[PDB]
Amino acid sequence: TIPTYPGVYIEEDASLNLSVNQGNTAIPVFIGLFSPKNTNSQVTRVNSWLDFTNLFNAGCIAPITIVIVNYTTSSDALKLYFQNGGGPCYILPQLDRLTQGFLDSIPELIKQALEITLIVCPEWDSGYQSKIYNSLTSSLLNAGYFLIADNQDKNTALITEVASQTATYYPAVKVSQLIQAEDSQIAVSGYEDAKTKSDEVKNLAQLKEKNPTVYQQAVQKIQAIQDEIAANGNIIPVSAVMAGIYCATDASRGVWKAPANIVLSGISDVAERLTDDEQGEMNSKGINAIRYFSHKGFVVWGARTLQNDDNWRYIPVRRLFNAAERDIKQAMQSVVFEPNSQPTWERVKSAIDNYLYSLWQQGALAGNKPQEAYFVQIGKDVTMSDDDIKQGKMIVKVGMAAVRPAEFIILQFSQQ
Amino acid sequence: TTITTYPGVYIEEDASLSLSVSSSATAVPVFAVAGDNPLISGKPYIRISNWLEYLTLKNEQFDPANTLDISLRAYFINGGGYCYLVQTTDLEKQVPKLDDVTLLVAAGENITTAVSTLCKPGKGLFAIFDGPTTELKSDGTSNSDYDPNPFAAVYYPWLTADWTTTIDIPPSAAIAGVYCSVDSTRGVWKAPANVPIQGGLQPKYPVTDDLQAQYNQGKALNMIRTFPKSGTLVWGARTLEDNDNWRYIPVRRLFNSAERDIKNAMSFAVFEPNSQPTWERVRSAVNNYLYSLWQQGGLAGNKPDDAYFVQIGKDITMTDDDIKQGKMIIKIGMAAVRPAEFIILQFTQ
Amino acid sequence: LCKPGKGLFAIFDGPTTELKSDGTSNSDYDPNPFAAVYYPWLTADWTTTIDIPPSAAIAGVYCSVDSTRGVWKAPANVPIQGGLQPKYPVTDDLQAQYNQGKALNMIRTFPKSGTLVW
């Protein structure tokens, strides 16, 4: 409302709010068909659900280009993300057609935003998701980024550039209803006639009052989409939910705790009911499953990555190393242009050793004493040679030991 | 009536039945349904909470000529809780999807194949079969077609009531109701025998002591007999395997309930660090449950040290290979109480 | 006046004639969620060619019910004090037409409980 007199105003509405959380080690970026309220392609930081609605148009209908329409699950996926404990996030809206120029620029756009740690594509279309996942180069993933992916099949795992930096989840989740937007909140562009320029029509409401013929053309596609989504049920990709669970787990228990065995909230039902034998096949292949248990509800029942080896098999082990090398890199950025001499190397060793000791205190690392948990090495004849120093190089070796989760518990019952 | 327009009182004269429902967690049955039933067609399973819900979903009057209708009425009139309806052909595919199902009830269908696949150690399932529809052979070969499965039981004969026609009620439907009533009243460790069968249900054929003497060992059949003063009772609590273990239904079903409750008790420990502090937390959860079970009277022993024991630790239950593989191994041993079955009176002057 | 946020509720008067059986005796009222209509007009011992409007008596019921059982309790199924009687009789079939949409609230007399707001 527009206030004129001082005092108390009363409004009746139905707008929904969610509590805003905070975090540092889990900041996801969402790539999808979003509808920003401002025309001006660039990553936008969103602090909460209220901020998102202030900067973006929430709805299940993508912006209309003149006609064609598209169905998007981005808004509801974000609502699930905030309901599950999500904090501030970045949004990368994809507008118009999916050109190869946009795909090539994705790794650079994400790197420009310095706080990103997670990548999520909250779109129901399988072909659209596959194109986005293939655009994440190995250089981007190896730079300390983690991709949460939605597996489209129960029998075949996803393929990405870096296996150890990816986790897949199955199946999608249903919700009670979608977010519906008014005509004024549906972006419309491309319309033009003899008496009007292309920029004079901005939303569906202006389109209706200027040309009912094409307005009826648009609504029949919208109604057809609404009928189709109602038949299959309001299905939402599960990667957005997992992004919120990652934030909640890190704030509460820490990065070294597996993001599994957590109850989902805000969803209605899973897209498919799984058995133990089926889950046994997926788990070996590296597909984490969303299971339903009567005494619990809907829970995450997997903590594996796409790479199956003794090093990077588990998500908490992989994510802990990503967090450690990120925090260590932040500490060494105060030493970049220091003189390359022995007193500089001593300061580097002290900074890393101080950080690693704090990590061991909280229980992130394994061992009964610090010497069993980590080590730091740097020297003139230990890690680097004279040629490296003459070239401006500084080499330090860091090793850590992590704790693996317990995945199988076996009960042995006896009669006597 | 069903169309409410004005505020006030509406009068209608109906004849729909009305029953009552209990709540037992250790007895959640699944009823095998013929595929030709219109209500079950096109769905994986249907959950029925009471007779009111079933009548509403049916949208038809009670038909005594429908085997499903009488089986549900007999089951609900005996105190059964909410159940699941699954087509017989879909049992091996839909039962593992359901997590709270404990009983596999043959509501007149043939579930021999499903039982041989589902009812296995560790699955936490018990099956209820149907006895022969004809008279009992005196040679003792009326139970030859049943597998010696310690996770199943057979009940004979079929039952009839006032509201009966050319079809007779399968005994498994009424027995499953007895399971719900006994568990909620006296516990799962008490034999589901020597209890009346509610309603006007009567056995179709009479069984004497001499007839039952043949079918009370080996692959035993549990009988539903009528006695001069106590009415109609369930007479028999033996499974299909004659062994010092799992001879009696109470012992097999008690271990099934304890395994399920313990599994839920320590399920919090999955995806936790596989170290000693986690093992101690799990041991506390198991010991707390077993003491509670012993206090209720479900275990045999004057003190808890005689009723159960829990072991978990390195070089006691698991080795280095088990820990490195993510395995955590626990050993639980509990003693069950076995009922008195034969009573002998010695008379002298 | 009666708009969201203004904190006002309106009490109207029903038609002064008989109720049309076609269900169109409430066509002149706006679908305002802040208003209500009551039918029919009332008479008493101290009455003449003019009949008491139902709104005056109903507003008194509002004061009594609120002070007795709270504002959240329905201001119906309560007797109308004094010797007030409805001018016309309303049956279950007559009220069935005017209990949805732009509903009219009725004042009816019942065999044992006297005159009640229905």
Side-chain angles (χ1 to χ4, degrees), chain A residues 245 249 253-254 256-263 269-270 272-280 283-284 288-289 291-304 310 313-317 320 363-368 401-416, chain B residues 25 28 44-45 92-101 121-123 243-246 251 255-256 258-275 277-279 282 286 300 308-312 317-318 322-336:
Chain A
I245 284 173
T249 315
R253 295 288 302 276
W256 45 97
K257 205 264 172 197
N261 208 354
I262 318 290
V263 188
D269 188 42
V270 295
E272 174 171 30
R273 292 298 193 83
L274 287 165
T275 83
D276 282 348
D277 281 23
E278 313 177 322
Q279 154 89 99
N283 188 261
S284 90
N288 309 292
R291 295 286 301 276
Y292 175 71
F293 296 129
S294 301
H295 71 285
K296 287 226 75 183
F298 298 109
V299 289
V300 191
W301 213 241
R304 283 214 209 299
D310 273 5
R313 154 147 45 227
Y314 292 111
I315 295 171
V317 173
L320 160 81
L365 308 171
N368 279 339
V403 191
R404 319 283 139 126
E407 220 163 3
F408 324 111
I409 312 169
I410 290 133
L411 307 178
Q412 314 193 316
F413 279 78
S414 84
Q415 188 68 259
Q416 106 279 359
Chain B
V28 181
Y45 48 80
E92 312 88 321
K93 257 187 76 76
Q94 306 291 329
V95 162
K97 269 161 179 93
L98 311 164
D99 196 32
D100 40 341
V101 155
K123 298 295 176 289
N243 176 23
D244 248 11
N245 314 357
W246 333 121
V251 186
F255 269 74
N256 272 14
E259 284 157 3
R260 158 168 323 241
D261 288 346
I262 275 151
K263 165 178 174 177
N264 290 353
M266 40 132 290
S267 99
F268 73 96
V270 192
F271 303 115
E272 291 265 334
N274 194 5
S275 43
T278 306
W279 306 339
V282 179
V286 173
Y308 61 90
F309 70 88
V310 187
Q311 316 202 249
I312 172 171
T317 50
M318 59 202 123
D322 307 305
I323 286 143
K324 90 150 64 74
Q325 289 164 50
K327 285 152 81 187
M328 171 203 320
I329 309 164
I330 323 194
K331 279 201 29 65
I332 302 156
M334 29 198 279

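Side chains included, hydrogens not; waters and symmetry mates left out as well; all remaining heavy atoms used. Each chain gets a letter, A, B and so on, in the order its sequence line appears, and its residues count up from 1.
Between B/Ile330 and B/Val310, some side-chain heavy-atom pair lies under the 4.5 Å cut-off.
Between B/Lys123 atom NZ and B/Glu259 atom CD the span is 11.0 Å, to the nearest 0.5 Å. Between atom CD1 of residue B/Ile329 and atom CD1 of residue B/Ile323 there is a gap of 8.0 Å, rounded to the nearest 0.5 Å. Atom CG of A/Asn283 and atom CH2 of A/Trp301 lie 11.0 Å apart (nearest 0.5 Å).
In this structure, chain A has no heavy atom under 4.5 Å from any part of B/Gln311. Proximity to chain B (any heavy atom under 4.5 Å) is shown, for A/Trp256, by neither the backbone nor the side chain. Heavy atoms closer than 4.5 Å to chain A are found nowhere in B/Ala300, neither backbone nor side chain. Residue B/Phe255 touches chain A through its side chain alone, counting heavy-atom pairs closer than 4.5 Å. Heavy-atom distances place both the backbone and the side chain of A/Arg273 under 4.5 Å from chain B.
When the shell of 6.0 Å around CG of A/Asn368 is examined, it contains 12 or fewer heavy atoms from other residues, nucleotides or ligands.
Of the listed residues B/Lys93, B/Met266, B/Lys324, the one with more heavy-atom pairs under 4.5 angstrom with chain A than any other is B/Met266. The candidate from B/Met318, B/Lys263, B/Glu272, B/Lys327 with the greatest count of non-hydrogen atom pairs under 4.5 Å with chain A is B/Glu272. Annotation: maximal heavy-atom pairing with chain A below 4.5 Å, among B/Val270, B/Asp100, B/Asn274, B/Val251, occurs at B/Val270. The choice from A/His295, A/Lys296, A/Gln415, A/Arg253 that makes the most heavy-atom pairs within less than 4.5 Å of chain B is A/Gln415. Among B/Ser275, B/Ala336, B/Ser267, B/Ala335, the residue making the largest number of heavy-atom pairs under 4.5 Å with chain A is B/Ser267.
Scanning all heavy atoms of the two residues, the minimum distance from A/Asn288 to A/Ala303 falls at OD1-N, 3.0 Å.
Distance alone, capped at 3.5 Å, is enough to place a donor-acceptor pair between the A/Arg404 side chain and the A/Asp310 backbone.
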